[PDB]
Amino acid sequence: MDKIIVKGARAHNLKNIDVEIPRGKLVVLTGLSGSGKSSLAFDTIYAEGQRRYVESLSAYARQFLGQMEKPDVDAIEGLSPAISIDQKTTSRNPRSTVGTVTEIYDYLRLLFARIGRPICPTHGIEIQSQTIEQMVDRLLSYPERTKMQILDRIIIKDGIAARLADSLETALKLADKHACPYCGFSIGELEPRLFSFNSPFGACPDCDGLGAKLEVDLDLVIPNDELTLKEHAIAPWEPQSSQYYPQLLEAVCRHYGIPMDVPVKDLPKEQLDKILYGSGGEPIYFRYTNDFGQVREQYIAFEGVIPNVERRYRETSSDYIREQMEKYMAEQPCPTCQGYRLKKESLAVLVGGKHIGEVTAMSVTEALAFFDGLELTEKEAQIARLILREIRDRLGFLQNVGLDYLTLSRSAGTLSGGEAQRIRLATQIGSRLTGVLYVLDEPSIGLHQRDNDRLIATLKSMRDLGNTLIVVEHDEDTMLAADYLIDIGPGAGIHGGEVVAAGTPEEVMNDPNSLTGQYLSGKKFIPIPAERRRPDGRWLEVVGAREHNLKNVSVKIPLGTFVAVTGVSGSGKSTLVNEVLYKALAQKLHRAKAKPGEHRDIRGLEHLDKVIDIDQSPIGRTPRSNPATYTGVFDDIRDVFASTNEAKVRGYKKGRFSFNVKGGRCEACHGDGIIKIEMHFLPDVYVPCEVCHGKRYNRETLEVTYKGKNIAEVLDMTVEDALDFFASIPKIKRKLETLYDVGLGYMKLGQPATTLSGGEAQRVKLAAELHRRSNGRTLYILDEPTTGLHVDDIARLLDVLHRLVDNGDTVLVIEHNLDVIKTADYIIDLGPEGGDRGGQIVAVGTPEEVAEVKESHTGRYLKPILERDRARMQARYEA
Amino acid sequence: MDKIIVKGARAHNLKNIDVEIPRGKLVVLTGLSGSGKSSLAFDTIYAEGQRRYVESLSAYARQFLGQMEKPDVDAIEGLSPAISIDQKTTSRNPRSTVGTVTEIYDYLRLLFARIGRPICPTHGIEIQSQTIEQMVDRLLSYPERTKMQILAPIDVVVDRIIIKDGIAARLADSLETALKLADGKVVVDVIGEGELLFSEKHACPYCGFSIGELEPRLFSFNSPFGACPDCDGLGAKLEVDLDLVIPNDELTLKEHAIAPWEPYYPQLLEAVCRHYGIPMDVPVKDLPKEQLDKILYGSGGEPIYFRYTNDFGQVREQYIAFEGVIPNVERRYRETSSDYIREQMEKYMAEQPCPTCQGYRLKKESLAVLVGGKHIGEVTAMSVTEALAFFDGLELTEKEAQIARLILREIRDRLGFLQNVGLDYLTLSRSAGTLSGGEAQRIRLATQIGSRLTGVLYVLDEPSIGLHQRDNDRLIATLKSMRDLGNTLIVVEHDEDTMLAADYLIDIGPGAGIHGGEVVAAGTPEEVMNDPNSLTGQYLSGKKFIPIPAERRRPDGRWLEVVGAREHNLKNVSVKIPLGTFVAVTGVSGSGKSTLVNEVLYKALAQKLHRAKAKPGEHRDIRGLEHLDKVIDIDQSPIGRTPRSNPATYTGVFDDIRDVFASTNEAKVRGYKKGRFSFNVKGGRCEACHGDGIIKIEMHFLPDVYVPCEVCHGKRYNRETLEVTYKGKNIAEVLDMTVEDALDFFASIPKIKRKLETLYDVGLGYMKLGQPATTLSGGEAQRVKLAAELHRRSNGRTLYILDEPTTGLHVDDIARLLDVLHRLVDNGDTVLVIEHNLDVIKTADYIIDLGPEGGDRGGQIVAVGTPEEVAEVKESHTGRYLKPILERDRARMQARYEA
Ligand SMILES: Nc1ncnc2c1ncn2[C@@H]1O[C@H](COP(=O)(O)OP(=O)(O)O)[C@@H](O)[C@H]1O
Ligand SMILES: Nc1ncnc2c1ncn2[C@@H]1O[C@H](COP(=O)(O)OP(=O)(O)O)[C@@H](O)[C@H]1O
Ligand SMILES: Nc1ncnc2c1ncn2[C@@H]1O[C@H](COP(=O)(O)OP(=O)(O)O)[C@@H](O)[C@H]1O
Ligand SMILES: Nc1ncnc2c1ncn2[C@@H]1O[C@H](COP(=O)(O)OP(=O)(O)O)[C@@H](O)[C@H]1O
Ligand SMILES: [Zn+2]
Ligand SMILES: [Zn+2]
Ligand SMILES: [Zn+2]
Ligand SMILES: [Zn+2]
Ligand SMILES: [Zn+2]
Ligand SMILES: [Zn+2]
């Protein structure tokens with residue numbers, strides 16, 4: 001019927017709830033972070049919709065997925081095969097481009113094979129291929145009585161087509177295509193797989209369809225050009241728990257007279273040229289002590305430090321040894337394929353004057369403009385009719401979702417969470433399906449407010465195509481434009497998990513019991529600081545940052561304040577804030593090997609000792625890591641189990657209760673507790689270790705109890721419940737208090753790092769630094785901490801962030817969310833528009849000064865919000 | 001929007017066609033065999049629906065499938081995830097049952113886990129398990145001042161207590177202490193001397209016997225947690241059948257009475273005889289029992305003198321401890337790890353229920369748990385009608401029913417869904433691989449009905465297959481239900497009623513192969529019926545139809561006589577099959593037609609006429625065996641299991657087709673012979689695919705796909721081999737020709753011609769000589785086999801047995817096939833068919849209708865004789881539905897004859 005009813009849902013924290021979802025409409029789930037949206041939307045609805053379909057693809061699939069673990073639900077009538085558009089399902093596995101992911105490149109390959117005019121490299125003339133039917137009608141269009149000899153002698157008049165057709169047949173059979181008249185050169189046939197770099201049937205030999213080769217870089221070899229060579233200045237030759245190269249280094253220095261303890265910056269160019277590139281055949285006396293202790297004198301003609309790295313990387317046939325040498329190397333465009341990844345004769349076929357590689361190299365805009373100005377013939381346009389419209393709609397979708405700044409050539413594994421999510425969303429719009437249950441997860445992530453009205457436009461277009469959407473958003477604009485809106489459980493964890501209010505946005509907005517509803521009408525909101533932290537003389541000063549789309553950018557960052565880097569997606573925020581600033585500061589302060597982006601210099605580095613990048617990357621890459629392990633709480637929590645009498649008499653200490661060591665862990669899962677099961681076309685799944693039923697330890701370890709709870713149940717506790725459980729212990733309590741303030745409090749201590757969200761993982765990291773003795777000289781960089789947080793959750797995360805600034809430290813954040821931006825003291829709005837047309841400072845200073853900039857897109861949307869919230873405070877102030 | 005539009009389809013023979021299908025309705029694709037229905041319905045619409053969805057399940061999913069070969073279509077907008085209901089996606093793989101495939105068995109495991117009462121086999125008392133909370137209030141219900149000593153197993157005494165009121169504190173903690181010392185078990189000696197005793201686990205108070213906890217996997221046979229140890233959840237053993245070791249209990253032992261020991265072993269008999277004094281010239285029947293036991297079961301250690309002449313000729317005397325003829329087979333079968341030596345010994349063995357698990361397939365303690373007085377295995381062993389009855393009569397408590405409410409309804413619905421489809425006769429225990437094509441297909445339909453999916457595009461393939469005309473309205477009724485659940489159905493049918501009941505009806509291409517591929521007429525079945533251009537409408541309107549014969553072949557004096565057949569549900573049946581006539585064995589599904597026709601009749605005639613090894617079904621005897629020399633069973637099974645086989649091969653035409661190439665001018669000078677052109681010999685085949693032509697790609701959850709070899713582009717031969725030409729076409733090109741274009745092309749060679757003609761006469765002619773057998777329809781395969789027998793010198797003493805030869809044919813096509821079958825009867829042979837298609841039944845000269853209703857309410861002869869004689873039997877469903885068709889077409893002819 002016209003609605004999908006979900007009877008009795010008990011996912012995680014869902015309280016055996018029933019809910020109605022209006023079919024064929026735009027539904028939007030909302031509520032506090034942890035209330036249980038995903039549990040319903042994804043773990044319950046998407047899971048069933050998908051399983052029920054796949055299950056019916058064969059008799060085998062049903063048997064496999066049948067014995068598997070299903071979602072805890074009584075029933076769910078009205079289901080449709082479901083499709084998810086989240087960060088998990090997208091790709092991140094190298095050799096894959098944006099063009100390949102979106103499927104556009106495949107249509108390009110097909111395009112080139114159908115109408116691509118092949119040209120001769122040497123001659124630049126289009127090599128043709130005619131049948132006898134086309135040759136005869138072209139020869140016949142000459143003046144009469146014109147003697148011609150096929151090599152038999154004929155004379156053209158009128159009815160000679162009988163011979164000419166048969167004479168050219170004998171000639172072609174006597175001398176045997178797309179060949180060049182003046183040199184034989186050819187390429188038999190034009191098939192799509194000739195333009196594929198994932199097929200040796202048309203891939204570049206000297207790189208195997210990779211495009212970029214990989215050589216040594218002078219920058220990575222020596223991080224800071226000013227380092228004492230005695231204390232290891234050159235990186236690759238650092239004591240690897242065994243000293244051979246450190247001794248060779250001395251042998252070269254001692255011979256040429258290179259001072260060991262001098263900073264490399266003030267060392268003559270020749271002194272350094274011998275060490276890096278070699279003696280050039282001149283023998284150097286070299287004696288060294290083996291790890292055993294015995295000496296061995298040689299007389300080698302030192303190759304140098306650079307050729308050494310290239311030669312050691314080249315010669316090994318190990319996926320382990322290479323990776324140790326790849327840390328001091330960087331990619332370079334392949335000299336043969338010019339970085340286009342195809343054969344030389346594959347690039348010989350061009351369409352609108354440009355070849356397959358050049359079109360892939362264009363940004364979505366450039367290439368969209370290209371296909372409008374492509375001037376084809378009648379024959380060409382009639383063939384490519386549908387192939388062309390396909391490329392035009394896909395480029396269009398991408399442009400709609402706000403990704404028009406990135407090229408089709410761009411590697412897949414270098415895309416942001418939001419970028420990937422939206423590339424999948426665009427790629428899906430292209431499938432033009434109907435009667436499907438699309439379930440999206442916060443599609444505005446990494447998208448500016450300006451470009452939000454199109455996202456609402458495309459979602460509704462997809463909905464109007466006969467589908468039903470279920471989006472999980474926290475944005476006002478989208479919730480107001482939704483047809484139906486479901487708010488979930490008051491509070492989060494054991495507190496939420498119920499349907500607080502459901503109805504039209506007007507109804508939910510006027511519902512007193514809706515936590516979200518109150519924020520929509522204005523009865524509850526984020527307040528603007530009455531006064532803002534005026535900056536002082538402490539400034540960072542990046543100079544001449546050019547990297548990607550940056551236009552010789554030169555900006556100044558005020559320390560000891562809440563800084564917010566803003567600007568539309570593609571403007572170069574990542575580049576300036578992370579690729580340039582962080583890596584740069586990082587190798588100076590922490591001496592990390594990360595090569596910074598192209599920039600001139602950065603001053604004011606004498607104002608801080610440590611820069612920390614609170615990334616949105618995972619906490620760990622296995623179920624070993626968890627909030628406890630990362631924060632070291634679990635490390636401290638084991639001492640208490642070692643204190644109990646059971647552990648004393650049995651002789652247990654802080655090892656039997658460990659998670660990694662052989663002591664008391666479960667041998668069947670090797671400590672994991674959760675075995676990963678293999679899903680081929682579907683994403684991987686985690687099934688509990690059937691030997692210890694997911695308890696993490698054998699039957700003899702967890703017998704030790706501390707307050708009626710064993711080590712398993714204590715690790716299974718929640719953060720909120722645990723700080724109540726560990727009220728007395730004053731060291732364990734301080735670490736749990738960080739996790740609570742952070743924004744969690746609802747997640748469990750044992751919860752495997754792999755399952756944690758992007759935003760969740762970031763806060764577990766933010767919690768580790770949260771409570772530390774700060775010296776007032778330390779910079780924190782957070783990339784969109786709002787990702788996955790309710791408007792209310794931002795208010796409590798801002799209180800936490802602003803606590804760091806009060807101390808004196810700095811907190812730089814990259815946000816599009818207007819509420820986090822308005823709370824900030826200083827902001828740096830980046831590039832007008834994205835891509836090539838951006839990459840420059842549009843407006844600096846306090847939110848108000850930025851707001852009154854007619855050219856800033858950020859300030860334009862911030863002005864009605866600042867004036868919206870300024871009147872609300874004045875409305876509360878008077879009452 | 002409100003309709004699914006397909007623009008420019010070119011699948012196989014489709015002529016770049018555009019077509020509109022109404023969304024959310026019962027659309028029925030119809031037309032001649034090979035017109036292009038599957039090419040559109042399955043190879044185009046369904047193909048796209050599945051891919052587009054699966055292609056979105058993950059990143060890797062897109063990369064794998066995207067690089068492969070997508071269907072030949074310009075655009076197809078308005079798609080929905082598609083699901084196919086055909087024979088290609090039904091499990092034929094051992095260890096799987098009807099219960100597992102339908103998912104009903106899983107719900108039963110969930111039922112038995114939740115509410116299943118576990119009882120002690122030894123003591124037959126419901127073993128219980130109580131928490132401390134339940135133990136305390138049970139003791140507190142006793143009268144006051146009643147002394148009790150809580151002791152824990154000699155049994156150490158915890159503490160004595162007097163029950164008053166506020167003693168719930170101690171009582172609860174002493175039990176807790178007792179359960180901690182004796183581990184989940186504690187005995188309470190009430191001083192009235194009634195030592196009641198309970199535990200935290202499910203255990204018997206009188207013998208220990210426990211079961212721990214009830215979990216679904218404790219009832220599964222695909223889990224060590226529940227599977228039987230002595231057979232590993234198979235339920236069937238595999239041991240030597242005494243009946244197979246001796247075909248008839250009265251055959252001369254001198255002329256090899258025992259079959260396994262049939263040309264060392266012959267000379268060994270001589271040794272066990274000489275010794276025990278068993279006569280050589282012997283009709284086994286009259287041999288004393290001990291004389292036969294020594295030879296079959298062994299001397300039991302006693303030494304027997306045995307000398308024998310080797311194949312070489314030299315003698316070698318031994319002094320062995322003879323094992324016997326029966327243990328010989330079991331021992332020679334078990335020890336070898338050869339798929340060749342086993343299969344030769346497996347011929348003398350038959351399946352037998354596992355003595356450990358009574359054939360139920362689970363642990364003894366798994367069968368300890370029972371619901372309505374019956375255990376899991378018993379409920380599975382019932383027929384669908386039985387089980388459905390059991391749950392109606394099943395009587396439970398308030399808690400049990402409230403716990404199993406959602407489970408019971410699902411089980412109750414699936415049983416009914418199976419009943420709707422007509423499968424109410426088969427059990428839940430029945431092996432999945434033993435199902436027919438129609439059955440498997442319908443099981444998949446029923447399972448699907450239960451999914452309750454919406455916005456799905458189901459594509460059914462002739463769901464009426466193997467279904468009596470009576471049970472057709474229920475099929476039409478359930479299809480529509482699935483439709484009326486927000487889904488669109490695309491059914492490929494040839495039945496009138498199903499077309500008449502359809503909403504939209506597309507008639508595809510006039511003619512088959514290159515002659516078809518177009519959309520002739522498309523609208524309501526009223527619009528298509530009134531369209532002179534629709535070849536289908538002409539049969540629905542009644543302009544064209546299959547005429548009833550003027551007179552029917554009266555049986556002569558020759559009759560086959562099946563006596564006392566009792567195999568599956570057959571009830572001591574005795575039937576007379578008339579020879580030299582077209583016979584139709586009719587009846588509702590489950591009546592026992594297969595059983596009678598193939599399992600009893602064919603296997604019996606086969607063992608007598610051709611020394612076939614198959615063990616016939618339980619029957620008394622079969623006379624009239626002197627009236628025929630051979631019995632050809634034109635099975636609906638595949639022609640080959642590899643792409644190496646194809647029409648050309650099976651018929652043998654491809655053998656001759658290489659002799660022309662081997663004898664060509666270019667072959668002479670190149671030294672090529674009838675081997676370079678061999679599809680299977682390294683000589684000239686493509687070394688990349690080893691002569692397959694198509695590589696098989698590995699789809700994990702999806703069925704496997706066939707990708708053309710990228711090196712020979714599917715041609716099958718290398719570059720040099722196909723340079724040889726014959727009349728401007730090489731071997732790859734001739735292998736790619738249609739049977740119709742081929743006979744036209746090989747008109748000069750009459751030996752090639754006469755084979756190709758059979759394929760044309762048979763109905764084919766649209767398919768290509770090189771079409772992989774793995775891709776042929778069940779019906780197609782049958783007809784390619786029929787074409788083999790089709791042309792041979794008939795001596796008038798052979799019997800043909802075809803199973804539903806109509807499967808996959810238009811009404812117009814049945815006409816031509818009937819011409820072919822009746823030509824066989826004309827020449828003196830007999831054709832027996834097992835059909836539901838009334839157009840075939842009415843044409844028959846004699847029909848043998850089977851059992852009224854299916855299952856155990858069947859397996860008996862309801863009516864025999866001519867179609868009219870059976871038309872007048874009220875008790876025959878066949879007649880009831882046939883009587884009006886005879887009256888309809890008999891009037892149509894008089895209407896035609898009068899003008
Ligand atoms: N991977 C997981 N394993 C176990 N429990 C989880 C997992 N993810 C979330 N939960 C539980 O579900 C609740 C949060 O549900 P979730 O769907 O994440 O809410 P939201 O969608 O609003 O973030 C938490 O109380 C948490 O304990
Ligand atoms: N790894 C990369 N390779 C090529 N181009 C890149 C890469 N990273 C960023 N860019 C380009 O730089 C510009 C902005 O990138 P980014 O720093 O992510 O901006 P923002 O953070 O504002 O989205 C875009 O034009 C983008 O295509
Ligand atoms: N796998 C295949 N290989 C080659 N030809 C095929 C294949 N499948 C179908 N065809 C051909 O396509 C034509 C019609 O398709 P088909 O689906 O058989 O029609 P219908 O379903 O109406 O019988 C026939 O000539 C048939 O031989
Ligand atoms: N392999 C088998 N094992 C057990 N029972 C069977 C088997 N095959 C058929 N039966 C049973 O025999 C009965 C009818 O036999 P069948 O020959 O299949 O009828 P029909 O051919 O008329 O459909 C049914 O009750 C069916 O369940
Ligand atoms: Zn040239
Ligand atoms: Zn290259
Ligand atoms: Zn384990
Ligand atoms: Zn007992
Ligand atoms: Zn068994
Ligand atoms: Zn090949």
# chains A, B, ... in the order shown; residues from 1 in each chain; ligands from 1
$ interface_residues --of "chain B" --to "chain A" --cutoff "7 Å" --atoms "only C-alpha atoms" --output "list in words"
residues 1, 52, 57, 58, 59, 60, 61, 77, 78, 79, 80, 81, 83, 89, 90, 91, 101, 451, 452, 453, 454, 455, 485, 486, 700, 701, 702 and 703 of chain B
$ write_last_selection --atoms "N, CA, C and O atoms" --output "compact mmCIF listing (two decimals), in the first residue's frame"
# COMPACT_ATOMS: atom_id res chain seq x y z
N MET B 1 7.60 6.72 -13.20
CA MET B 1 6.21 7.19 -13.50
C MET B 1 5.20 6.03 -13.35
O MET B 1 5.25 5.32 -12.35
N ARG B 52 21.47 -3.19 -12.24
CA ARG B 52 21.38 -1.83 -11.70
C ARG B 52 21.25 -1.73 -10.18
O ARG B 52 21.67 -0.73 -9.59
N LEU B 57 25.15 -2.16 -4.59
CA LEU B 57 25.32 -2.71 -3.25
C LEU B 57 26.66 -2.35 -2.62
O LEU B 57 26.78 -2.29 -1.39
N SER B 58 27.68 -2.14 -3.45
CA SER B 58 29.01 -1.76 -2.96
C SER B 58 29.84 -1.12 -4.08
O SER B 58 29.38 -0.95 -5.21
N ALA B 59 31.07 -0.74 -3.73
CA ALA B 59 32.00 -0.16 -4.68
C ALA B 59 32.54 -1.28 -5.56
O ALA B 59 32.49 -1.19 -6.79
N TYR B 60 33.05 -2.33 -4.92
CA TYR B 60 33.60 -3.49 -5.62
C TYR B 60 32.57 -4.14 -6.54
O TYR B 60 32.92 -4.63 -7.62
N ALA B 61 31.30 -4.16 -6.12
CA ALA B 61 30.23 -4.75 -6.93
C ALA B 61 30.11 -4.09 -8.30
O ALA B 61 29.92 -4.77 -9.31
N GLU B 77 13.95 3.00 -19.37
CA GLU B 77 13.60 3.85 -18.22
C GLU B 77 12.33 3.40 -17.48
O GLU B 77 11.38 2.92 -18.11
N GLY B 78 12.33 3.55 -16.16
CA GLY B 78 11.21 3.13 -15.33
C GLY B 78 11.40 1.75 -14.72
O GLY B 78 10.44 1.13 -14.26
N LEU B 79 12.65 1.28 -14.70
CA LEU B 79 12.98 -0.02 -14.12
C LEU B 79 12.81 -0.06 -12.61
O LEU B 79 12.73 0.97 -11.94
N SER B 80 12.76 -1.28 -12.11
CA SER B 80 12.67 -1.58 -10.70
C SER B 80 13.56 -2.78 -10.49
O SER B 80 13.77 -3.55 -11.43
N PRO B 81 14.14 -2.93 -9.29
CA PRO B 81 14.92 -4.14 -9.04
C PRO B 81 14.10 -5.37 -9.45
O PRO B 81 12.96 -5.53 -9.01
N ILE B 83 13.41 -9.62 -10.11
CA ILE B 83 13.55 -10.93 -9.50
C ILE B 83 12.95 -11.95 -10.46
O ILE B 83 11.80 -11.80 -10.85
N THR B 89 17.13 -20.90 -11.47
CA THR B 89 17.53 -20.44 -10.13
C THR B 89 16.98 -21.28 -8.96
O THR B 89 16.93 -20.80 -7.82
N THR B 90 16.59 -22.52 -9.24
CA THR B 90 16.10 -23.45 -8.21
C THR B 90 17.19 -24.49 -7.85
O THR B 90 17.86 -25.06 -8.73
N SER B 91 17.35 -24.72 -6.54
CA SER B 91 18.37 -25.65 -6.01
C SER B 91 18.12 -27.13 -6.36
O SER B 91 17.03 -27.68 -6.09
N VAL B 101 14.57 -24.73 1.44
CA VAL B 101 14.39 -23.81 0.31
C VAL B 101 13.23 -22.82 0.50
O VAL B 101 13.33 -21.68 0.07
N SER B 451 7.76 -13.21 0.82
CA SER B 451 8.71 -12.12 1.07
C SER B 451 8.01 -10.80 1.31
O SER B 451 8.54 -9.92 1.98
N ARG B 452 6.82 -10.66 0.74
CA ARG B 452 6.00 -9.46 0.89
C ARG B 452 6.75 -8.22 0.42
O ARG B 452 6.60 -7.15 1.02
N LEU B 453 7.56 -8.35 -0.63
CA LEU B 453 8.28 -7.20 -1.17
C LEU B 453 7.32 -6.32 -1.97
O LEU B 453 6.28 -6.80 -2.44
N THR B 454 7.66 -5.05 -2.11
CA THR B 454 6.85 -4.09 -2.87
C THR B 454 7.76 -3.38 -3.88
O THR B 454 8.96 -3.27 -3.66
N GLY B 455 7.18 -2.91 -4.98
CA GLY B 455 7.95 -2.22 -6.01
C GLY B 455 8.99 -3.12 -6.68
O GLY B 455 10.05 -2.65 -7.10
N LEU B 485 0.16 -6.24 -4.52
CA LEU B 485 0.94 -5.92 -3.34
C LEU B 485 1.95 -4.82 -3.71
O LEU B 485 2.98 -4.66 -3.06
N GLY B 486 1.62 -4.07 -4.77
CA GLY B 486 2.47 -2.99 -5.26
C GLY B 486 3.64 -3.45 -6.12
O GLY B 486 4.69 -2.82 -6.13
N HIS B 700 29.61 -15.10 -6.96
CA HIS B 700 29.46 -15.77 -5.66
C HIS B 700 28.01 -16.04 -5.26
O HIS B 700 27.60 -17.20 -5.18
N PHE B 701 27.25 -14.99 -5.01
CA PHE B 701 25.85 -15.15 -4.62
C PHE B 701 24.93 -15.17 -5.82
O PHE B 701 23.83 -15.73 -5.76
N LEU B 702 25.37 -14.55 -6.91
CA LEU B 702 24.60 -14.56 -8.14
C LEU B 702 24.95 -15.85 -8.86
O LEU B 702 25.98 -16.46 -8.57
N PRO B 703 24.08 -16.30 -9.79
CA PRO B 703 24.43 -17.48 -10.58
C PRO B 703 25.59 -17.12 -11.52
O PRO B 703 25.74 -15.96 -11.91
$ residues_around --residues "residue B:358" --least-positions-apart "5" --cutoff "12 Å" --atoms "only C-alpha atoms" --output "PyMOL selection string"
chain B and resi 228+230-231+233-237+352-353+363-364+367+377-378+381
$ residues_around --residues "stretch 155-158 of chain B" --least-positions-apart "5" --cutoff "10 Å" --atoms "only C-alpha atoms" --output "ChimeraX atom specification"
/B:149-150,174-175,177-178,181-182,186-188
$ write_last_selection --atoms "C-alpha atoms" --output "compact mmCIF listing (two decimals), in the first residue's frame"
# COMPACT_ATOMS: atom_id res chain seq x y z
CA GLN B 149 16.86 -29.02 54.34
CA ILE B 150 18.53 -27.45 51.31
CA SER B 174 20.91 -20.82 50.23
CA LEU B 175 19.60 -22.06 46.88
CA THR B 177 24.81 -21.09 47.38
CA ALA B 178 23.72 -24.68 46.69
CA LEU B 181 28.51 -25.69 44.90
CA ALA B 182 26.74 -28.42 42.87
CA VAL B 186 20.01 -28.42 44.09
CA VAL B 187 17.73 -30.88 45.88
CA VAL B 188 15.24 -29.83 48.58
$ residues_around --residues "residue B:103" --least-positions-apart "5" --cutoff "10 Å" --atoms "only C-alpha atoms" --output "ChimeraX atom specification"
/A:62-63,66 /B:97-98,108,410-411,414,447,450
$ residues_around --residues "residue B:692" --least-positions-apart "3" --cutoff "9 Å" --atoms "only C-alpha atoms" --output "PDB file with C-alpha atoms, in the first residue's frame"
ATOM      1  CA  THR B 642      29.612 -28.295 -20.858  1.00  0.00           C
ATOM      2  CA  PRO B 643      29.676 -25.783 -23.721  1.00  0.00           C
ATOM      3  CA  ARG B 644      31.460 -28.583 -25.670  1.00  0.00           C
ATOM      4  CA  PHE B 679      36.123 -28.344 -31.281  1.00  0.00           C
ATOM      5  CA  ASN B 680      37.850 -30.396 -28.495  1.00  0.00           C
ATOM      6  CA  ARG B 685      41.049 -24.765 -31.202  1.00  0.00           C
ATOM      7  CA  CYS B 686      41.592 -21.530 -29.281  1.00  0.00           C
ATOM      8  CA  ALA B 688      43.018 -19.386 -24.489  1.00  0.00           C
ATOM      9  CA  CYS B 689      39.631 -20.988 -23.676  1.00  0.00           C
ATOM     10  CA  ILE B 695      34.965 -18.310 -20.269  1.00  0.00           C
ATOM     11  CA  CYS B 709      36.718 -15.512 -24.629  1.00  0.00           C
ATOM     12  CA  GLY B 714      33.832 -16.373 -29.009  1.00  0.00           C
ATOM     13  CA  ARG B 716      36.103 -21.017 -30.672  1.00  0.00           C
TER      14      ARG B 716
END
$ residues_near_ligand --ligand "ligand 4" --cutoff "9 Å" --atoms "only C-alpha atoms and all ligand atoms" --output "count of residues only"
43
